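Taken together, the values in this text are just the output of simple stated rules run on the coordinates, not laboratory data. Quick reminder, even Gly has a Cβ in these numbers, built from the backbone with ideal geometry, and neighbours come from all protein chains shown.
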Amino acid sequence: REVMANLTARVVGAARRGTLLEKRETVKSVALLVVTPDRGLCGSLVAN
Amino acid sequence: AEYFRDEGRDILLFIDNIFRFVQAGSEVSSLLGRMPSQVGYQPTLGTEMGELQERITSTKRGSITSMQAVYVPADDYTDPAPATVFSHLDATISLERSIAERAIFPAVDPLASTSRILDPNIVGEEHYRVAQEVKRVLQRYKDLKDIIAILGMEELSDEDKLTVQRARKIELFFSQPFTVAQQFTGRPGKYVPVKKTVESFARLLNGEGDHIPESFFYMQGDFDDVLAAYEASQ
């Protein structure tokens, strides 16, 4: 967490702000991650 | 009433609490020295019920549209008097204590209430289909009552869940204000024609009204009134 803070502060130029950290403009496709229990009986947690 | 039936006039007959007739017969028999049967009832229970009830019949000369009431002792439907009444009726309506305690004033149990003319050739194909679906739902609900009570809604499957909230909405929707209930309830009475009832329940079973919360079906008229109330509350 602090290594990100220490490193990303140094790298501020948009030209070198590529690859994963690149804040792309005109977003078109979005992927999402969901984690759920393997087994039920958890209650409303899975539904939530 | 038999004089008016025999000359052709249509008669509406309202006998209230046949069970009191049975209880009077039981007390008379106990005083008469007859041997008691079952829970203190008269040995001649079936014959007395036959003699009274077989006179309440629409014949070829006139028609009697009877409507009786029966009081179950305590809450026992296995009592000899209601058990004897059950086989002398065309349409049976069962009022349950739990439904009334849930503030559903009609308190009719659809599963335990049947009728002979609930036949597509007599009442209408759509009416019959709607009634059969409204019973298959709430039958699924009675099957899942224990599951819901001990675990909760979550463990059921998605279709089972949907049927469960549809059953609860139907149970709430069977309630209806009565014009004679103004004395202790401020809700004005409603008269929902059978066509409107069938249409409302068909729409509710289709899926329409799923988004509406269950509390909006309490003591309403047809489905249009429920939709209007939902719009009023936005």
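Suppose we keep only residues that are among the polar types (S, T, N, Q) and part of a loop (DSSP other than H, G, I, E, B) within the stretch A:15-32. Which one would you say is farthest from the other protein chains (Cβ to nearest Cβ)? Can you show your working first?
First pass over the stretch A:15-32, keeping only residues among the polar types (S, T, N, Q): A:19, A:26, A:29.
Filter once more, so that each one left must be part of a loop (DSSP other than H, G, I, E, B): A:26, A:29.
Numbers: A:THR26: 34, A:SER29: 28 Å.
Looking at residues that are among the polar types (S, T, N, Q) and part of a loop (DSSP other than H, G, I, E, B), I get A:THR26.
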Only one of these is without any contact (Cβ under 8 Å) to a residue 24 or more places away in the chain and either touching a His at 6+ places or on another chain (Cβ under 9 Å) or within 30 Å of B:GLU214 (Cα to Cα) (or both): B:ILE104, B:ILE93, B:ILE56. Name it. B:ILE93
Test B:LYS161 against the criterion of being in a helix (DSSP H, G or I), within 14 Å of chain A (Cβ to nearest Cβ), basic (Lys, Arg) and under 20 Å from B:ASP210 (Cα atoms), and give yes or no. yes
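Tell me the residue from A:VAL12, A:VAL35, A:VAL3 that is assigned to a loop (DSSP other than H, G, I, E, B), more than 14 Å from every other protein chain (Cβ to nearest Cβ) and over 30 Å from B:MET153 (Cβ atoms), please. It would help to see each step written out before you state the result.
Working: A:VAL35 fails: over 30 Å from B:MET153 (Cβ atoms); A:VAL3 fails: assigned to a loop (DSSP other than H, G, I, E, B).
Within the list A:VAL12, A:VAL35, A:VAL3, the selection yields A:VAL12.
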Matching residues in the stretch B:96-128 - criterion: being closer than 18 Å to B:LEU204 by Cβ and not in a loop (DSSP other than H, G, I, E, B): B:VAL108, B:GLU126, B:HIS127, B:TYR128
